[PDB]
Amino acid sequence: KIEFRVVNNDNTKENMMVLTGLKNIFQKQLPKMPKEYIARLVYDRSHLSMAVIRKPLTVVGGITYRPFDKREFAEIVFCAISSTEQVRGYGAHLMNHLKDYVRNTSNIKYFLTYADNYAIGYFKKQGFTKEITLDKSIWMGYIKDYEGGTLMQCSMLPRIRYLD
(Lines give C-alpha, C1' and ligand atoms only; values in the text may rest on other atoms or scores of the structure.)
Protein backbone atom coordinates (compact mmCIF):
# COMPACT_ATOMS: atom_id res chain seq x y z
CA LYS A 1 0.00 0.00 0.00
CA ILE A 2 2.94 2.34 0.71
CA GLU A 3 5.42 3.03 -2.10
CA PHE A 4 8.74 4.90 -2.05
CA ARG A 5 9.17 6.62 -5.40
CA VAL A 6 11.92 8.86 -6.73
CA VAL A 7 10.71 11.68 -8.98
CA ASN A 8 12.01 14.96 -10.37
CA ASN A 9 10.69 17.71 -12.61
CA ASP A 10 10.92 16.04 -16.03
CA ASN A 11 7.83 17.87 -17.28
CA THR A 12 5.37 15.02 -16.72
CA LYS A 13 2.05 15.58 -14.92
CA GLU A 14 2.31 12.63 -12.52
CA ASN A 15 5.78 13.74 -11.35
CA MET A 16 4.61 17.33 -10.93
CA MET A 17 1.65 16.07 -8.87
CA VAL A 18 3.98 14.26 -6.46
CA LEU A 19 6.48 17.14 -6.33
CA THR A 20 3.63 19.54 -5.54
CA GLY A 21 2.14 17.40 -2.78
CA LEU A 22 5.62 17.12 -1.27
CA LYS A 23 6.32 20.85 -1.58
CA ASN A 24 3.11 21.58 0.32
CA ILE A 25 4.27 19.40 3.23
CA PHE A 26 7.66 21.15 3.37
CA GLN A 27 6.06 24.59 3.14
CA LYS A 28 3.71 23.78 6.00
CA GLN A 29 6.51 22.30 8.15
CA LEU A 30 9.08 25.03 7.45
CA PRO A 31 6.86 28.17 7.55
CA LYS A 32 9.74 30.49 8.47
CA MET A 33 11.47 29.64 5.18
CA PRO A 34 10.50 31.57 2.05
CA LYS A 35 7.80 29.38 0.46
CA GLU A 36 8.84 30.35 -3.09
CA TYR A 37 12.40 29.26 -2.30
CA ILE A 38 11.15 25.83 -1.19
CA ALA A 39 9.06 25.54 -4.38
CA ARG A 40 11.98 26.49 -6.66
CA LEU A 41 14.26 23.81 -5.17
CA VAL A 42 11.66 21.02 -5.26
CA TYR A 43 10.75 21.84 -8.88
CA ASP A 44 14.40 22.20 -9.97
CA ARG A 45 15.31 19.33 -12.31
CA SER A 46 18.75 18.87 -10.72
CA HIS A 47 16.96 18.08 -7.46
CA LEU A 48 15.47 14.62 -6.95
CA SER A 49 12.72 13.69 -4.49
CA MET A 50 11.92 10.39 -2.83
CA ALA A 51 8.26 10.52 -1.87
CA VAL A 52 6.34 8.18 0.41
CA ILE A 53 3.12 7.45 -1.47
CA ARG A 54 -0.11 5.77 -0.40
CA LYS A 55 -2.18 4.50 -3.34
CA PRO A 56 -3.42 5.96 -5.54
CA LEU A 57 -1.19 9.05 -5.37
CA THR A 58 -1.35 10.41 -1.82
CA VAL A 59 1.95 11.93 -0.72
CA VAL A 60 2.49 11.25 2.99
CA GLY A 61 6.06 12.53 3.22
CA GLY A 62 9.43 12.63 1.50
CA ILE A 63 12.95 13.93 1.01
CA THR A 64 14.21 16.35 -1.63
CA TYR A 65 17.94 16.03 -2.25
CA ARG A 66 20.62 17.36 -4.57
CA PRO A 67 23.05 14.66 -5.73
CA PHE A 68 26.64 15.47 -6.71
CA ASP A 69 27.51 12.05 -8.13
CA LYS A 70 31.04 13.06 -9.16
CA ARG A 71 31.83 14.23 -5.62
CA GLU A 72 30.18 11.16 -4.10
CA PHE A 73 27.73 13.05 -1.88
CA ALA A 74 24.23 14.50 -1.88
CA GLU A 75 22.71 17.38 0.03
CA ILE A 76 19.48 16.51 1.78
CA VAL A 77 17.55 19.76 1.28
CA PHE A 78 14.12 18.94 2.75
CA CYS A 79 12.77 16.06 4.80
CA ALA A 80 9.36 15.60 6.44
CA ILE A 81 6.48 13.22 7.11
CA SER A 82 2.96 14.67 6.91
CA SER A 83 1.78 15.63 10.40
CA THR A 84 -1.47 13.80 9.61
CA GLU A 85 0.47 10.60 8.95
CA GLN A 86 2.03 9.95 12.33
CA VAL A 87 2.08 6.18 11.87
CA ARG A 88 5.25 4.78 13.45
CA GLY A 89 8.04 3.98 11.01
CA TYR A 90 7.50 6.33 8.05
CA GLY A 91 10.43 8.64 8.82
CA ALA A 92 12.86 5.79 9.38
CA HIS A 93 11.65 3.73 6.41
CA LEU A 94 11.84 6.76 4.16
CA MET A 95 15.50 7.33 5.03
CA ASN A 96 16.24 3.62 4.78
CA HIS A 97 14.77 3.49 1.28
CA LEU A 98 16.68 6.59 0.16
CA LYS A 99 19.98 5.14 1.39
CA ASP A 100 19.29 1.86 -0.43
CA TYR A 101 18.29 3.78 -3.55
CA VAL A 102 21.36 6.04 -3.81
CA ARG A 103 23.69 3.14 -2.98
CA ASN A 104 22.18 1.11 -5.84
CA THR A 105 21.76 3.77 -8.54
CA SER A 106 24.66 6.13 -7.94
CA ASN A 107 28.14 6.70 -6.54
CA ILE A 108 26.74 8.73 -3.63
CA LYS A 109 28.29 7.54 -0.35
CA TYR A 110 27.58 10.54 1.91
CA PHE A 111 24.65 12.73 2.93
CA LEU A 112 25.12 16.31 4.16
CA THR A 113 22.31 18.50 5.48
CA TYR A 114 21.91 21.80 7.31
CA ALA A 115 19.32 20.44 9.74
CA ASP A 116 16.73 22.75 11.24
CA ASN A 117 16.59 22.60 15.05
CA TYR A 118 13.57 20.29 15.11
CA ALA A 119 15.06 17.73 12.72
CA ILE A 120 18.37 17.16 14.52
CA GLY A 121 16.95 14.39 16.71
CA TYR A 122 15.45 12.54 13.76
CA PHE A 123 18.66 12.80 11.74
CA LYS A 124 20.76 11.50 14.64
CA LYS A 125 18.40 8.53 14.82
CA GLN A 126 19.13 7.94 11.11
CA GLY A 127 22.87 7.87 11.75
CA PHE A 128 23.76 11.48 10.96
CA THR A 129 26.34 13.27 13.12
CA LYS A 130 27.27 16.88 13.79
CA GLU A 131 30.95 15.86 13.51
CA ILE A 132 31.74 16.66 9.89
CA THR A 133 34.55 14.47 8.55
CA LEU A 134 33.96 15.06 4.84
CA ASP A 135 36.68 17.52 3.82
CA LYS A 136 35.38 21.04 3.20
CA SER A 137 36.93 21.08 -0.27
CA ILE A 138 34.42 18.44 -1.36
CA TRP A 139 31.21 20.27 -0.40
CA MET A 140 32.14 23.90 0.27
CA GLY A 141 30.42 26.15 -2.24
CA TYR A 142 28.21 23.29 -3.44
CA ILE A 143 25.78 23.49 -0.54
CA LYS A 144 24.29 26.62 1.06
CA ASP A 145 23.00 27.49 4.53
CA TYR A 146 20.62 30.45 4.35
CA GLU A 147 18.59 29.36 7.38
CA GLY A 148 21.53 28.98 9.75
CA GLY A 149 20.92 25.31 10.47
CA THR A 150 23.21 22.62 11.87
CA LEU A 151 25.41 20.81 9.36
CA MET A 152 25.13 17.04 9.86
CA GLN A 153 26.70 14.16 7.96
CA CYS A 154 25.89 10.55 7.20
CA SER A 155 28.59 8.27 5.82
CA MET A 156 27.30 5.19 3.99
CA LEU A 157 28.84 2.06 2.44
CA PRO A 158 30.00 1.86 -1.22
CA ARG A 159 27.87 1.25 -4.30
CA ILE A 160 26.03 -2.05 -4.65
CA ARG A 161 24.21 -2.44 -7.97
CA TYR A 162 25.83 -1.34 -11.22
CA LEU A 163 24.81 -2.15 -14.81
CA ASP A 164 24.88 1.13 -16.75
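What counts and what doesn't
Residues numbered from 1 in each chain as written, not as in the entry; some residues may be left out. Heavy atoms only, no water. Core = buried A, V, L, I, M, F, W, Y, C linked by side-chain atoms within 4.5 Å. Buried < 20%, exposed > 50% of the residue type's maximum accessible area, 1.4 Å probe, protein only. Helix = DSSP H or I, 4+ residues; strand = E, 2+ residues; numbered from the N terminus. Contact = heavy atoms within 4.5 Å. Axes fitted to C-alpha atoms, helices over the stretch in contact; angles between N-to-C directions. Left-handed = near helix turned anticlockwise from the far one by under 90°. Nonpolar A, V, L, I, M, F, W, Y, C, P; charged D, E, K, R; others polar. UniProt positions renumbered as here; feature names shortened; annotations may be inferred. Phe/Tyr/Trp six-rings, centres within 6.5 Å; stacked < 30°, edge-to-face > 60°.

A.B. asks: So what's going on with the nonpolar core? Which residues, and what values?
C.D. replies: Membership of the largest hydrophobic core comes to 23 residues, with the highest contact counts inside it found for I76, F111, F123 and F128. Of all elements in the fold, only β2 (48-54), β3 (58-68), β4 (73-81), α3 (90-105), β5 (110-115), α4 (120-125) and β6 (150-155) reach the threshold of two or more residues within this core. When residues in this core are grouped by element, the largest group, five residues, is from α3. Not counting chain neighbours up to four residues away, the residues in contact with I76 comprise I63, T64, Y65, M95, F111, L112, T113, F123 and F128. Formed by 17 residues, the second largest nonpolar core is a distinct cluster that contains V7, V18, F26 and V59.

A.B. asks: Any details on the packing of helix α1 (residues 13-29) against helix α2 (residues 35-43)? Residues and values, ideally.
C.D. replies: When two helices pack together, you describe them by how their axes are tilted relative to each other and by the distance separating the axes. Running from N to C, α1 and α2 cross one another at 145°; their axes reach a closest spacing of 10 Å. As for the relative orientation of α1 and α2, their crossing is right-handed in sense. On α2, the residues touching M16, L19, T20, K23, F26 and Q27 of α1 are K35, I38, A39, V42 and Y43. Considered class by class, the residues forming the contact of α1 with α2 number seven nonpolar, two polar and two charged.

A.B. asks: Explain the UniProt feature "active site" in the protein to me, using residue names and the numbers behind them.
C.D. replies: UniProt feature "active site": in the numbering of this structure it lies at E75. Looking at where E75 falls in the secondary structure, it is placed in strand β4. Owing to a relative accessible area of 12%, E75 belongs among the buried residues under this scheme. What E75 contacts, discounting residues up to four positions off in sequence, is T64, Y65, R66, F68, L112, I143 and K144.

A.B. asks: Mind laying out the packing of aromatic side chains, listing which residues take part and the relevant values?
C.D. replies: The description of two aromatic rings rests on the distance between their centres and on the angle between their planes. Inspection of every chain in the model, using the stated rule, returns seven aromatic pairs. An aromatic cluster is defined as three or more aromatic residues linked by ring pairs; in this entry it consists of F111, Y122, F123 and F128.

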